[PDB]
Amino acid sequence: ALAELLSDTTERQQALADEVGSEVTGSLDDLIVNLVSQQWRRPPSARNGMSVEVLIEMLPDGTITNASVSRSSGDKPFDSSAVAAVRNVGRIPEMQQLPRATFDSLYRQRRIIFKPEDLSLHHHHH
């Protein structure tokens, strides 16, 4: 029965860890998006409907060490504007709130999709 109690408990933790997990990753992806939006300098060719995926590379202390296009929007100036915006954020020390294994698994190399309209939505400070 002890094996059985364990499953039950394991199923249980896997439920909560995933609801908590999703709130965390949601909150951190939101932070990335907002910080990149604040840095973004929109190019004349940007349009609603575009999407660029960028691979963001970080250290556990939150320093960003690289950003590159993982899937192009089809418009090279928008693509480049997203990569520059990422690099310009500089650091996300908020990452230090993660246990290291979670960092390493999810945020050391992370692909985020950026859209001009969402970057414009969040481009203000305060």
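Position 1 is the first residue in the sequence shown; the rest follow in order.
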**OP:** May I ask you to compare 36-44 and 91-99 by their mean CA B factor in the entry and name the higher one?
**Re:** 91-99
Original post:
In the PDB record, does 79-87 or 27-35 carry the higher mean Cα temperature factor?
Top reply: 27-35
**OP:** Taking the chain's C-alpha temperature factors as the reference, tell me which third residue 122 falls into: lowest, middle or highest.
**Re:** lowest
Original post:
Against its chain's modelled residues, does residue 111's Cα B factor rank lowest, middle or highest third?
Top reply: middle
